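Before any comments, here is the structure.
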Number of protein chains: 2
Amino acid sequence: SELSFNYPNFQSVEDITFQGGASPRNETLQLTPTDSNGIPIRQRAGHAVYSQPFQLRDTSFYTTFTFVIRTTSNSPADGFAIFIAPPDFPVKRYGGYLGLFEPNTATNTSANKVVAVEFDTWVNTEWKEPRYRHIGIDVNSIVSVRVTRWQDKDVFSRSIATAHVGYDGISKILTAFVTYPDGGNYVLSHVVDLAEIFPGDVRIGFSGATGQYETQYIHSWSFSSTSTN
Amino acid sequence: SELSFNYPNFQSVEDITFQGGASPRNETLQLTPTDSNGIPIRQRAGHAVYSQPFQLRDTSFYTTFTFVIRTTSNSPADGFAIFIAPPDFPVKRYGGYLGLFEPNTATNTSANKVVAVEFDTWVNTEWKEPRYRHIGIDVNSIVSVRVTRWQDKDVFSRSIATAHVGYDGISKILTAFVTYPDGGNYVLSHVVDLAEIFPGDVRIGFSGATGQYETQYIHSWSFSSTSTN
Ligand SMILES: CC(=O)N[C@H]1[C@H](O[C@H]2[C@@H](O)[C@@H](CO)O[C@H](O[C@@H]3[C@H](O)[C@@H](O)[C@H](O[C@H]4[C@H](O)[C@@H](O)[C@H](O)O[C@@H]4CO)O[C@@H]3CO)[C@@H]2O)O[C@H](CO)[C@H](O)[C@@H]1O
Ligand SMILES: [Ca+2]
Ligand SMILES: [Ca+2]
Ligand SMILES: [Ca+2]
Ligand SMILES: [Ca+2]
Ligand SMILES: [Cl-]
């Protein structure tokens, strides 16, 4: 279906729903909470989602957002993701589950219905992940189907980074491009038929989780979807 | 292999090779020529190519550029493309061939070694094309493998538009995202193993062709490639 929205900043959150530990703060989407002294709270997850459902049958989309990862140590955890799931998909487990999964089924593709592009700041040994911080595409599992190294210089840059995420509904390909000013560029694509995974309605949004010593902020977001008829 | 470059404008055109009717003009890459009164010269092609070659085995890349199409009538022709080609790739036929193909082999994928993302302003009947202006991915043929409608409002906007083109060398997927300020967004992706097409050196660049009543300009361009090892 056709949907378009544009948030150059979040002084308005008119159509944004906050769940769990996420909240609007300082003109951004703050995905995990901080205490009254600004210290990141451990073991929390949050979602900030566009409130209106849409359909993926015969649809392509383009979305872009800007983000900042704020770290208070060299050992931040756990990251965030942009995700698509049914409209009643709730905030799930904190820590390395990224608010998207729970421990008993995190790696079980038959037990989840969620697709995401993750920005993963903490190497988990509890399941298979690369031995470095990484950006990945997740399809129904915390173990990414496509993963690439995310350079530490970029992770810790303090920069407003840009993501571009697109889905070509003809070729059935999901792509992310991630760029840092005067920094790295990242490209990841994967063939996945989203309409087959999601035959009904979906919502798109963000999920963040701690972890420790980290807060994730969304500064701007726009989206457009169009029919492939 | 690993290569990076950045032209925030083309005040300097150091490391750009011009062929055909392309030239530096007014701090941009002008892909097709104009006479001294500014009138587009019909039936001309031009290339502006980054001079340093790279290899595609075990490689991903990201490139972005801004562009303007100056039309001087309601029936401009023919467009332009960003393309990759092997060494010594010459300027080929003007008109609907876009500087990238010759007539008798333009539709034969066994007779070309060229991959492009084209911005096609003139509907040709000499080969199969959609019946509207379009953006396409071309693999070894002027008949695009993936094509989408390019809205006239964007074609004729005189806006500085943006293209992002990425290649994921693990999944073997080429993707283009094209955006217009306050206009359309476009997404196309295609599975293609570029290292199997191009086993040695390649260069990346732009090819434009007339046609009539059109000039194509590149305003800015950056590129990075990284090993997937
Ligand atoms: C292939 C190509 O690059 N086409 C470009 C086109 O080029 C034509 C133009 O140079 C004319 C000058 O008017 O000469 C040639 O075309 C001839 C006739 O002028 C043209 O009318 C004719 O058109 C036929 C068409 O090709 C068929 O597909 C159709 O079924 O029937 C038509 C009528 O006969 O073709 C002859 C040559 O065979 C050049 O081919 O120029 C335009 C802009 O005007 C644009 O650049 C095209 O990409
Ligand atoms: Ca991960
Ligand atoms: Ca992790
Ligand atoms: Ca075409
Ligand atoms: Ca054409
Ligand atoms: Cl000339």
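So basically every Cβ, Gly included, is an ideal-geometry build from the backbone, and we count neighbours across all protein chains shown. Computed from the coordinates by the stated procedures, all read-outs in this text should not be read as laboratory data.
Residues in the stretch B:7-57 that are within 16 Å of ligand 6 (Cβ to nearest atom) and outside any loop (DSSP other than H, G, I, E, B): B:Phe18, B:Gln19, B:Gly20, B:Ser23, B:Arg25, B:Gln30, B:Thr34, B:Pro40, B:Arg44, B:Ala45, B:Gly46, B:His47. In the stretch B:147-159, the count of residues that are under 17 Å from the mean Cα position of the chain (by Cα) and within 28 Å of B:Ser1 (Cα to Cα) is zero.
Applying the set (1) part of a loop (DSSP other than H, G, I, E, B); (2) surrounded by 23 or more Cβ atoms within 10 Å (Cβ to Cβ) to A:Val143 leaves exactly one unmet item: (2).
Within the stretch B:9-31, no residue satisfies the criterion of being without any contact (Cβ under 8 Å) to a residue 12 or more places away in the chain and within 16 Å of ligand 1 (Cβ to nearest atom).
Among the residues making up the stretch B:118-140, a single one is touching a residue at least 40 places away in the same chain (Cβ under 8 Å), acidic (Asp, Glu) and more than 8 Å from ligand 5 (Cβ to nearest atom): B:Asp138. Exactly one residue out of B:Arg158, B:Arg133 is away from chain A (no Cβ under 14 Å) and in contact with a helix residue (DSSP H, G or I) (Cβ under 6 Å, 6 or more places away or on another chain), and it is B:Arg133. With respect to the conditions (1) in contact with a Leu (Cβ under 6 Å, 6 or more places away or on another chain); (2) away from chain B (no Cβ under 14 Å), A:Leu194 falls short on a single one, namely (2). So, of the residues in the stretch B:170-183 that are surrounded by fewer than 21 Cβ atoms within 10 Å (Cβ to Cβ) and more than 8 Å from every other protein chain (Cβ to nearest Cβ), which turns out to be nearest to B:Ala116 (Cα to Cα)? Looking at residues that are surrounded by fewer than 21 Cβ atoms within 10 Å (Cβ to Cβ) and more than 8 Å from every other protein chain (Cβ to nearest Cβ), I get B:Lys172.
Name the residue, out of B:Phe83, B:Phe54, B:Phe101, B:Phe89, that is of a type in the set (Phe, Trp, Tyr), surrounded by 14 or more Cβ atoms within 10 Å (Cβ to Cβ) and more than 20 Å from B:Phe223 (Cβ to Cβ).
The conditions single out B:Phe101.
Selection over the stretch B:57-72 of residues that are of a type outside the set (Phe, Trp, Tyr), touching a strand residue (DSSP E or B) at 6+ places or on another chain (Cβ under 6 Å) and over 14 Å from B:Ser4 (Cβ atoms) gives a count of 6.
Out of the residues in the stretch A:76-104 that are of a type in the set (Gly, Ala, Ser) and not in a strand (DSSP E or B), state the one that is nearest to A:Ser23 (Cα to Cα). That would be A:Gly99.
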